[PDB]
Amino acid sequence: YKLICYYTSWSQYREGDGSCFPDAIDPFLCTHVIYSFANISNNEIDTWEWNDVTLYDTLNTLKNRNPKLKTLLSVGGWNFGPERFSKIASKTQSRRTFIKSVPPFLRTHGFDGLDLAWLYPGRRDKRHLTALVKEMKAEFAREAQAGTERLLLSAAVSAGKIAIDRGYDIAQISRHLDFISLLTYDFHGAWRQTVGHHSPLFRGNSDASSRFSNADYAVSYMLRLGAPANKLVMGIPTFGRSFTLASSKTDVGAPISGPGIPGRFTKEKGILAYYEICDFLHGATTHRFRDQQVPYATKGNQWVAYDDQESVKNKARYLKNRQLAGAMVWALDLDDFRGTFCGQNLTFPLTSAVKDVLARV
């Protein structure tokens, strides 16, 4: 099985223990580590952070400890305007320039492949996404003629049915991608004012509409659209989504006034790292949706939907039972990487729990 793990560039700036650099990563934990995110300047792939070349070097040195480890560089991300992707892919000329710049860049910095994170392709982009993937892969096949191992090509894809129907030709891109990571953790819409879990595994007998917003549905749908199980990887979150309650009601349906207050280290309203959640739990009230198989917690007027060792192991077994290629984790820097916040004298408790299940067969 594959265990795809993302590492984010901006995590280096978090204060104190929250600060995470590539060398904190256990070389034997994941099978693939993806660095997020690369930028595109003058239609060419390029660095993002001022010290990226140094961090690229630090990450790729892990391969001197674990020779089987593969690394990829992801282009795009949520702070990358999708309009920019749309513009590059729409014109055969700009598209070709970008494609041509990738192999040399990856080779120079020691990466084994490219991960595409266009979030998200609209109805008018579907056509061009296919061309982009097809042509990128053709370039990689051609570059391998030089005697070096062929570069890998992957893509992170929405798990939302409407988003999938709208911007992706799944059957077509599946044949050219080495693997596809399903973003099965952004299910509760940032649009409404209700409490809800962002990464439920199952539908849950307690609600008719949005039977589409759960991991099981997204996986089944992808398989029906033509994506081979051996290329599908299920996304598992290492963070939680928080809300500020509008009333004393804490159960399903409870009204929301807005996102939860920022975590001390992550400082982003709406989300908390797993290590911050481990601290939050002290004095909190824990619950678990039996139908969806995921937990949530509450303290004061703060409501948090998250994943723990149990739910993560649960998703990993589901994935194996469906014979998928493996799991993808977002993200290493949000798990208890130091292993000092979540009790168990264990580094990367969430990611390790996933690895354990995958190692069972």
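Numbering starts at 1 and follows the sequence shown. Basically, rigid core = biggest C-alpha set you can superpose within 1.5 Å across the two forms.
Fitting on the rigid core only, I'd like to know which of the two stretches, 201-209 or 215-223, ends up farther away in Cα terms in 8 other deposited structures of this protein. Stretch with the larger root mean square C-alpha distance in 8 other deposited structures of this protein: 201-209.
Mean C-alpha B-factor comparison - 122-130 and 283-291, higher one: Comparing 283-291 with 122-130, the higher average CA B-factor belongs to 283-291.
Which is higher in the entry, the mean Cα B factor of 321-329 or that of 57-65? Of 321-329 and 57-65, the stretch with the higher C-alpha B-factor average is 57-65.
In this PDB entry, which of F179, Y221, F239, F187 has the top CA B-factor? That would be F187.
When the CA B-factors of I99, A159, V252, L106 are compared as recorded in the entry, which is the largest? The listed residue with the largest C-alpha B-factor is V252.
B-factor third for the C-alpha atom of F37 within its chain: According to the entry, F37 has a C-alpha B-factor in the chain's lowest third.
Chain third (lowest, middle, highest) by recorded CA B-factor, residue given as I256: For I256, the deposited C-alpha B-factor lands in the highest third.
When the modelled residues of the chain are sorted by Cα temperature factor, does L350 land in the lowest, middle or highest third? Bottom third by C-alpha B-factor.
Going by what the PDB entry lists, where does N230 fall on CA B-factor within its chain: lowest, middle or highest third? Tercile = middle for this residue's CA B-factor.
Modelled-residue ranking by C-alpha temperature factor, third containing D52: Tercile = middle for this residue's CA B-factor.
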